[PDB]
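One file, coords35.txt, carrying compact mmCIF, C-alpha atoms:
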# COMPACT_ATOMS: atom_id res chain seq x y z
CA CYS X 1 25.12 35.27 26.44
CA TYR X 2 27.88 32.74 25.76
CA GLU X 3 28.35 29.43 27.57
CA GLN X 4 31.55 27.52 28.28
CA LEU X 5 32.47 24.44 26.25
CA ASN X 6 32.55 21.28 28.38
CA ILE Q 1 49.46 31.07 4.24
CA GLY Q 2 47.51 33.98 2.80
CA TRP Q 3 44.62 34.13 5.27
CA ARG Q 4 46.67 34.44 8.48
CA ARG Q 5 49.82 36.39 9.25
CA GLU Q 6 52.72 34.94 11.21
CA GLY Q 7 53.65 36.16 14.67
CA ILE Q 8 50.20 36.72 16.17
CA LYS Q 9 50.35 36.49 19.97
CA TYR Q 10 47.43 36.96 22.35
CA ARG Q 11 47.67 36.76 26.14
CA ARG Q 12 44.30 35.17 26.92
CA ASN Q 13 43.82 32.63 24.13
CA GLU Q 14 40.03 32.89 23.84
CA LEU Q 15 37.61 31.27 21.42
CA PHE Q 16 34.06 32.40 20.63
CA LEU Q 17 31.85 30.08 18.57
CA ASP Q 18 28.39 31.06 17.28
CA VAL Q 19 26.04 28.45 15.80
CA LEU Q 20 23.41 30.34 13.79
CA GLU Q 21 20.47 28.44 12.30
CA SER Q 22 17.26 29.47 10.55
CA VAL Q 23 14.35 27.04 10.88
CA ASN Q 24 11.88 27.08 7.98
CA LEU Q 25 8.54 25.30 8.07
CA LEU Q 26 5.24 25.07 6.22
CA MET Q 27 2.52 23.27 8.15
CA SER Q 28 -1.07 22.33 7.35
CA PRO Q 29 -3.81 23.43 9.81
CA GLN Q 30 -3.97 19.85 11.12
CA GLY Q 31 -0.31 19.86 12.19
CA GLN Q 32 1.24 17.96 9.27
CA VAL Q 33 4.70 19.16 8.23
CA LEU Q 34 4.39 20.10 4.56
CA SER Q 35 8.00 21.27 4.11
CA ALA Q 36 10.78 22.04 6.55
CA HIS Q 37 14.54 22.52 6.65
CA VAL Q 38 17.24 24.34 8.61
CA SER Q 39 19.82 26.66 7.04
CA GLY Q 40 22.79 27.24 9.31
CA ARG Q 41 26.28 28.68 9.52
CA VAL Q 42 29.08 28.45 12.09
CA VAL Q 43 31.18 31.59 12.68
CA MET Q 44 34.31 31.57 14.83
CA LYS Q 45 35.83 34.51 16.70
CA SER Q 46 39.42 33.29 17.09
CA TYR Q 47 42.00 34.92 19.37
CA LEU Q 48 44.82 32.35 19.42
CA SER Q 49 48.58 32.89 19.36
CA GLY Q 50 50.91 31.83 16.57
CA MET Q 51 49.81 29.50 13.78
CA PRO Q 52 47.52 27.07 15.61
CA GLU Q 53 45.96 23.90 14.22
CA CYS Q 54 42.30 23.36 15.13
CA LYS Q 55 40.00 20.34 14.90
CA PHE Q 56 36.24 20.91 15.02
CA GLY Q 57 33.97 17.93 15.64
CA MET Q 58 30.27 17.35 16.18
CA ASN Q 59 27.50 14.75 15.95
CA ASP Q 60 27.54 14.16 12.20
CA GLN Q 61 21.20 13.00 19.85
CA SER Q 62 22.62 12.92 16.32
CA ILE Q 63 22.18 14.78 13.04
CA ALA Q 64 22.89 14.29 9.37
CA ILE Q 65 23.94 17.40 7.45
CA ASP Q 66 22.74 17.38 3.86
CA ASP Q 67 24.96 20.04 2.27
CA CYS Q 68 28.29 21.61 3.20
CA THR Q 69 30.17 24.65 1.89
CA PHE Q 70 33.43 25.27 3.74
CA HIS Q 71 35.95 28.08 3.98
CA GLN Q 72 39.13 27.92 1.90
CA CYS Q 73 41.35 26.92 4.86
CA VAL Q 74 39.75 23.58 5.82
CA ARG Q 75 40.59 20.05 4.64
CA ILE Q 76 37.44 18.81 10.19
CA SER Q 77 40.87 20.50 10.43
CA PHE Q 78 42.06 24.01 9.63
CA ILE Q 79 44.37 26.91 10.45
CA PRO Q 80 41.84 29.64 11.33
CA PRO Q 81 42.32 33.30 10.39
CA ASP Q 82 42.66 36.00 13.04
CA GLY Q 83 39.28 37.41 14.04
CA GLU Q 84 35.70 36.74 12.93
CA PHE Q 85 35.19 34.45 9.94
CA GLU Q 86 32.57 32.02 8.66
CA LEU Q 87 33.77 28.44 9.11
CA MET Q 88 30.96 26.61 7.31
CA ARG Q 89 27.41 26.75 6.02
CA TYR Q 90 25.10 23.74 6.13
CA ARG Q 91 21.51 22.56 5.74
CA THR Q 92 19.67 19.63 7.32
CA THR Q 93 16.13 18.39 6.75
CA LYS Q 94 15.82 15.30 8.98
CA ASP Q 95 14.76 15.26 12.64
CA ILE Q 96 14.30 19.00 13.05
CA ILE Q 97 13.16 20.47 16.37
CA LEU Q 98 10.12 22.56 15.44
CA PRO Q 99 10.22 25.10 18.28
CA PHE Q 100 6.60 26.27 17.95
CA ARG Q 101 3.28 24.81 16.82
CA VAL Q 102 0.73 27.21 15.32
CA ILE Q 103 -2.85 25.98 15.63
CA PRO Q 104 -5.41 28.09 13.74
CA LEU Q 105 -9.17 28.06 14.23
CA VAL Q 106 -11.37 30.16 11.91
CA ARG Q 107 -15.17 30.21 12.11
CA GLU Q 108 -17.48 32.00 9.68
CA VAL Q 109 -20.42 33.86 11.22
CA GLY Q 110 -22.83 34.37 8.33
CA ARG Q 111 -21.14 36.74 5.89
CA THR Q 112 -20.21 39.52 8.31
CA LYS Q 113 -18.21 38.28 11.31
CA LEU Q 114 -15.00 36.24 11.48
CA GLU Q 115 -14.33 34.66 14.88
CA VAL Q 116 -10.67 33.56 14.82
CA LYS Q 117 -8.55 31.82 17.47
CA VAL Q 118 -4.83 31.02 17.24
CA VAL Q 119 -2.86 28.93 19.75
CA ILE Q 120 0.93 28.80 20.03
CA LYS Q 121 2.50 25.76 21.68
CA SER Q 122 6.18 26.07 22.54
CA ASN Q 123 7.95 22.71 22.18
CA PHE Q 124 11.37 22.75 23.89
CA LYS Q 125 12.95 22.56 27.34
CA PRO Q 126 10.98 24.67 29.87
CA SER Q 127 14.33 25.83 31.31
CA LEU Q 128 14.88 27.85 28.10
CA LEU Q 129 13.06 30.99 26.96
CA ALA Q 130 12.10 31.83 23.41
CA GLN Q 131 12.44 35.54 22.69
CA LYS Q 132 11.17 38.06 20.14
CA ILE Q 133 7.96 36.19 19.36
CA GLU Q 134 5.75 37.62 16.61
CA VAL Q 135 2.61 36.00 15.17
CA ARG Q 136 1.10 37.57 12.05
CA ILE Q 137 -2.54 36.72 11.37
CA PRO Q 138 -3.74 38.06 7.99
CA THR Q 139 -7.20 39.62 7.74
CA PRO Q 140 -9.38 39.73 4.62
CA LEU Q 141 -9.27 42.77 2.36
CA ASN Q 142 -12.92 43.63 3.18
CA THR Q 143 -12.33 44.27 6.90
CA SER Q 144 -13.93 47.28 8.60
CA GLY Q 145 -12.79 46.54 12.14
CA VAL Q 146 -11.22 43.82 14.22
CA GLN Q 147 -11.62 43.12 17.93
CA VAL Q 148 -8.83 41.21 19.67
CA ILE Q 149 -7.98 40.37 23.25
CA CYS Q 150 -5.02 38.26 24.26
CA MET Q 151 -3.67 36.78 27.47
CA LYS Q 152 0.12 37.08 27.14
CA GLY Q 153 1.77 39.91 25.23
CA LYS Q 154 0.22 42.69 23.19
CA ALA Q 155 -1.67 42.67 19.89
CA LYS Q 156 -2.50 45.34 17.32
CA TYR Q 157 -4.33 45.38 13.98
CA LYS Q 158 -2.11 47.04 11.38
CA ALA Q 159 -4.94 47.70 8.94
CA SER Q 160 -2.53 49.05 6.32
CA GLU Q 161 -0.60 45.75 6.22
CA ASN Q 162 -4.03 44.04 6.41
CA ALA Q 163 -3.02 41.68 9.22
CA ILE Q 164 -2.98 41.35 13.01
CA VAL Q 165 0.40 41.58 14.74
CA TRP Q 166 0.77 39.77 18.08
CA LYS Q 167 4.07 40.21 19.92
CA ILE Q 168 5.32 38.26 22.95
CA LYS Q 169 8.44 39.18 24.93
CA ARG Q 170 9.38 35.71 26.23
CA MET Q 171 7.87 32.23 26.43
CA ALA Q 172 9.27 29.17 28.17
CA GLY Q 173 9.09 25.73 26.59
CA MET Q 174 6.20 23.32 27.11
CA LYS Q 175 3.75 26.20 27.43
CA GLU Q 176 0.79 27.48 25.45
CA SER Q 177 -0.66 30.94 24.85
CA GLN Q 178 -3.70 31.91 22.80
CA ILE Q 179 -5.27 34.92 21.11
CA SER Q 180 -8.88 35.53 20.07
CA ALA Q 181 -10.20 37.90 17.40
CA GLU Q 182 -13.50 39.16 15.99
CA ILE Q 183 -13.34 40.46 12.41
CA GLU Q 184 -16.17 42.55 10.97
CA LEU Q 185 -16.40 42.29 7.18
CA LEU Q 186 -17.80 44.75 4.70
CA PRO Q 187 -20.21 43.23 2.19
CA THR Q 188 -18.47 42.17 -1.01
CA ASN Q 189 -18.85 39.79 -3.96
CA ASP Q 190 -19.03 36.22 -2.65
CA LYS Q 191 -17.69 35.28 -6.12
CA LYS Q 192 -13.94 35.18 -5.52
CA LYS Q 193 -13.93 33.94 -1.91
CA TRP Q 194 -10.36 34.68 -0.84
CA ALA Q 195 -6.95 32.99 -0.92
CA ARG Q 196 -6.38 32.11 2.74
CA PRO Q 197 -2.85 33.28 3.60
CA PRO Q 198 -0.80 31.39 6.18
CA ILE Q 199 -0.11 32.52 9.73
CA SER Q 200 3.52 33.62 10.02
CA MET Q 201 5.83 33.45 13.03
CA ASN Q 202 9.15 34.91 14.13
CA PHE Q 203 11.12 33.89 17.20
CA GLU Q 204 14.56 33.40 18.72
CA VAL Q 205 15.43 30.24 20.66
CA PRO Q 206 18.72 29.48 22.48
CA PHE Q 207 19.33 26.13 20.77
CA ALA Q 208 20.01 24.67 17.34
CA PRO Q 209 16.73 23.30 15.93
CA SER Q 210 18.78 20.83 13.87
CA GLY Q 211 19.93 19.22 17.14
CA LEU Q 212 23.52 20.03 16.21
CA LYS Q 213 25.97 20.39 19.11
CA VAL Q 214 29.72 21.01 19.22
CA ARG Q 215 31.51 17.89 20.44
CA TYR Q 216 35.08 19.21 20.60
CA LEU Q 217 37.28 22.06 19.43
CA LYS Q 218 40.94 21.11 19.84
CA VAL Q 219 43.73 23.68 19.46
CA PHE Q 220 47.24 22.47 18.61
CA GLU Q 221 50.29 24.75 18.55
CA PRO Q 222 53.47 22.63 18.68
CA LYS Q 223 55.92 25.54 18.39
CA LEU Q 224 54.45 27.81 21.06
CA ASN Q 225 54.21 26.56 24.64
CA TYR Q 226 50.41 26.38 24.97
CA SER Q 227 48.13 23.37 24.45
CA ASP Q 228 44.36 22.89 24.22
CA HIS Q 229 43.86 22.92 28.01
CA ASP Q 230 44.89 26.61 27.97
CA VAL Q 231 42.22 27.92 25.55
CA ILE Q 232 39.16 29.64 27.01
CA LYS Q 233 36.57 28.30 24.56
CA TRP Q 234 32.96 29.51 24.38
CA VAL Q 235 29.96 28.44 22.28
CA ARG Q 236 26.64 30.20 21.63
CA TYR Q 237 23.62 28.55 19.97
CA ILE Q 238 21.04 30.90 18.42
CA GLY Q 239 18.12 29.83 16.25
CA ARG Q 240 16.05 32.35 14.30
CA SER Q 241 12.93 31.73 12.23
CA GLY Q 242 12.67 32.41 8.53
CA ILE Q 243 9.61 31.14 6.67
CA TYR Q 244 7.52 29.72 9.54
CA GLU Q 245 3.94 29.46 8.29
CA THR Q 246 0.86 27.36 9.06
CA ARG Q 247 -1.96 27.00 6.55
CA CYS Q 248 -5.16 28.21 8.21

When written as structure tokens, how does the structure in this file appear?
Amino acid sequence: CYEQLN
Amino acid sequence: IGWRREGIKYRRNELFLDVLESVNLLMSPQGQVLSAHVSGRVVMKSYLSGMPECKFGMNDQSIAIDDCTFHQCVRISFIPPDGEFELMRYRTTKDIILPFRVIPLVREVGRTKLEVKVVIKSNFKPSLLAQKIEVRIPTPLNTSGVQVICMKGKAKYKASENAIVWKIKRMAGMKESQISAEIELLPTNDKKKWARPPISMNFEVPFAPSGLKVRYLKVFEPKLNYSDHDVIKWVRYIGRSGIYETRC
């Protein structure tokens, strides 16, 4: 669902 | 501060960020963009401790954002309320990723048959899947029966709605799928002809069609002993279709 913020 | 109470303290300072756009497009049969724009909003699920100070930045790939309508806490910089709230609405019209390309082909057969063919071309990264794909092809009012076969997905003629519904579970980018129909017409008065309605589409794509991306989201709490390196920040891009029609 969500993805981590680089 | 009337939108956030003092003394909030969470253990895991998390941060959920949803970028929600709606791509709208009217396109001629020949592929010319007649009108198009994106209407978007950015909602933030905030679980941060204390009274933090947050800076949200982006590419303003690049994008220009025509309109802006912000929350009452901003000035971007803001003290965000506790929980889910809408940070901003926006709308762009320049350099819009059109995620699909509807290509109609209608061929009269005397005054009785209607051989129709519609091609969808996905136009995004093949590593990503579009989901919840629907293609509505309207049939004339004087239709006795339709005959459709399709390669991917399933299709049905909802005669009550007077259109053909074609539904596709998923579709990767840089791909093409087609559908083919035979429409039998009752005899009628050639007088009026008929106002050719456009072919509609609905889809979900895991990216912002406006090209917008979140550059940074900094969190600053000087009083409490956590900094921005301690925040578990997440971002989720979701693009739905609104008025996505192609003149046929």

Please return as an mmCIF file with C-alpha atoms, in the frame of the given file every residue within 10 Å of (26.6, 33.3, 29.5), taking into account only C-alpha atoms and the file's own coordinates.
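See point.cif below for the written result:
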data_model
loop_
_atom_site.group_PDB
_atom_site.id
_atom_site.type_symbol
_atom_site.label_atom_id
_atom_site.label_comp_id
_atom_site.auth_asym_id
_atom_site.auth_seq_id
_atom_site.Cartn_x
_atom_site.Cartn_y
_atom_site.Cartn_z
ATOM 1 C CA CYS X 1 25.120 35.270 26.440
ATOM 2 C CA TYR X 2 27.880 32.740 25.760
ATOM 3 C CA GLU X 3 28.350 29.430 27.570
ATOM 4 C CA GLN X 4 31.550 27.520 28.280
ATOM 5 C CA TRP Q 234 32.960 29.510 24.380
ATOM 6 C CA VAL Q 235 29.960 28.440 22.280
ATOM 7 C CA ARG Q 236 26.640 30.200 21.630
#

Legend entry - Ref. answer, residues at most 9 Å from (47.9, 23.7, 14.6) with all atoms listed in the file, as JSON, numbers by chain: {"Q": [50, 51, 52, 53, 54, 55, 77, 78, 79, 219, 220, 221, 222]}

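Residue nearest residue 178 (chain Q) within the list Q:152, Q:213, Q:111, Q:5: Q:152 [criterion: smallest interatomic distance, only C-alpha atoms].
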
Inset, instruction - Compare Q:41, Q:215, Q:113, Q:94 by their minimum atom-to-atom distance to chain X, counting only C-alpha atoms, and give me the closest one. - result: Q:215

Inset, instruction - Enter the distance from CA of residue 68 (chain Q) to CA of residue 90 (chain Q), in Å, rounded to one decimal. - result: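 Going from CA of residue 68 (chain Q) over to CA of residue 90 (chain Q) covers 4.8 Å.
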
Inset, instruction - Give the answer as one residue: which of Q:214, Q:33, Q:115, Q:230 has the shortest atom-to-atom distance to residue 5 (chain X), using all atoms listed in the file? - result: Q:214

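Distance-wise, CA of residue 6 (chain Q) and CA of residue 49 (chain Q) end up 9.4 Å apart.
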
Inset, instruction - Record the distance separating CA of residue 247 (chain Q) and CA of residue 29 (chain Q), expressed in Å with one decimal. - result: 5.2 Å

Inset, instruction - Point out the residue among Q:207, Q:157, Q:216, Q:85 with the least atom-to-atom distance to chain X, counting all atoms listed in the file. - result: Q:216

Legend entry - Nearest residue to residue 87 (chain Q) from the set Q:233, Q:101, Q:156, Q:75 (distances using only C-alpha atoms): Q:75

Might I get the box with edges along x, y and z of the file that holds all atoms of chain X listed there, padded by 6 Å on every side, given as centre and edge lengths in Å to one decimal, as lines of an AutoDock Vina configuration file?
center_x = 28.8
center_y = 28.3
center_z = 27.1
size_x = 19.4
size_y = 26.0
size_z = 14.6

Inset, instruction - Compile the contact shell of residue 150 (chain Q) as a PyMOL selection string: residues with an atom at most 9 Å away, counting only C-alpha atoms, same-chain residues fewer than 5 positions apart removed. - result: chain Q and resi 155+166+177-181

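The neighbours of residue 248 (chain Q) here are the residues that come within 7 Å of it, using only C-alpha atoms and leaving out any residue fewer than 6 positions away in the same chain; they are residues 29, 104, 196, 198 and 199 of chain Q.
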
Legend entry - Closest of Q:121, Q:167, Q:218, Q:223 to chain X - atom-to-atom distances counting only C-alpha atoms: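 The answer is Q:218, which sits nearest to chain X.
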
Inset, instruction - Within 6 Å of residue 42 (chain Q), counting all atoms listed in the file, which residues show up once you throw out same-chain ones fewer than 6 positions away? Write them as number ranges by chain, please. - result: Q: 18-19, 87-88

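Residues surrounding residue 112 (chain Q) within 12 Å are residues 107, 108, 109, 115, 140, 142, 143, 144, 145, 146, 182, 183, 184, 185, 186, 187, 188 and 190 of chain Q [all atoms listed in the file; sequence separation below 3 positions excluded].
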